[PDB]
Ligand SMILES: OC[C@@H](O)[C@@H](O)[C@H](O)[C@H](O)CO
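In the block that follows, a single chain appears as structure tokens, in the form solved without the named molecule.
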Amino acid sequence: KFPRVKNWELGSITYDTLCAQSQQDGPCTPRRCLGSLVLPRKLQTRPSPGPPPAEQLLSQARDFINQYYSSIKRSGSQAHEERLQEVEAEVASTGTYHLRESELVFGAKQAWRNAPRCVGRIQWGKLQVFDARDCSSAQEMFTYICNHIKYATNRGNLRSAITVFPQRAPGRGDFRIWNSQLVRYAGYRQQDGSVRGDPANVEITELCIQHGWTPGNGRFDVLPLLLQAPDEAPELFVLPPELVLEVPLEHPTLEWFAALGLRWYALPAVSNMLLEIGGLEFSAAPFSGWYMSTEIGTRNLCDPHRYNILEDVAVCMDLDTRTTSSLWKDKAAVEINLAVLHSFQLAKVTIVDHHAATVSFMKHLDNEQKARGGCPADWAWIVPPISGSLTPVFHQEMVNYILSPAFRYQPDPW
């Protein structure tokens, strides 16, 4: 029943009992494990043209309300029972309900706390929640988003935040941010199929031009935002330059590195995920924190399907790209990650290296074992893309499961 979890570096053992609370199903079964899969077959979040079944919604809601009043230790009070009534009363009559602002804040924080793929959860209790549920146009979304970016960036002293737009409603379209992140670099597909810029953003770059954007021809052109109000075509909004803090990349010792013209933005803000709290769904709720250096230095810059600059740098370092055994890739990667940390630290922009991050996560695991008797963690995502076993999380067994509130993936609006 309850899994025996072991840390092989320390020999310590814990028993995860928090997974018993998981009401949702993952992709695995006894016959085979799909734990390495990036996306579900359909766990997503299907359309909302019709009202969700009252019995089910009612149980998800009651559960959440219980979680909330338990958090403020008023579990069992009259306020607790009267809230349950309000929810039940609203669901029976309208087939849905709404959250009190304080509940939304608790839910947003809990959703982050429960995110199996997030290594920065030690900061889960510190999150600025912007209630944007009174938004009625793409234009309003834009203002809210600009407010978020301004607050989160904080001139380099990044602060974790989330802006919650109106929940999905049965019958009408969803509020949606088409871009996967608030800040993305364009990816211009050329004649021969190749790409200029960030290959991960070819599709969204094309959709933007399709909706009237005047593109550029650089590798780091900040894309505009395509915001979508219910049952309306998305609108294009160019983010104000002064709001998008970027950090130019240079290396502490290699003078030629800066000449590469590489750079990256300071704010990591996912905007395509769905936030589920007590059965309610927020199709537009962008959240941001700060980068862990490997995200930029290892994945964004070195992935073959991303900027793929490994050989460029290796050649500049005069390394032997002839054979794999010279470890030219490993050497180049290290300097690239070093340049990222150096540049951000020099620019006074919040950043965390993978060693510090995983060290904090181990502490978080400890806190959670005492607090909830477990912690859902996706080993493949928690262990960094470089120096895996050099970090403590590599040697820590983990249990992965779905808890709610949760951040979930959802279909692209197009």
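Quick note: we count residues from 1 along the sequence shown, nothing fancier.
What comes next is about the form deposited with the named molecule bound, which is not displayed.
Look at 226 to 234, 325 to 333, 202 to 210, 139 to 147: in the entry with it bound, residues with non-hydrogen atoms within 4.5 angstroms of the named molecule sit in 202 to 210. Remark: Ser180 counts among the residues lining the named molecule in the entry with it bound, judged by a heavy atom distance of 4.5 Å or less. Put simply, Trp414 is close to the named molecule in the entry with it bound: some heavy atom of it is within 4.5 Å. In the entry with it bound, at least one heavy atom of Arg184 sits within 4.5 Å of the named molecule. The named molecule is not drawn, but in the entry with it bound it has a heavy atom within 4.5 Å of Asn272.
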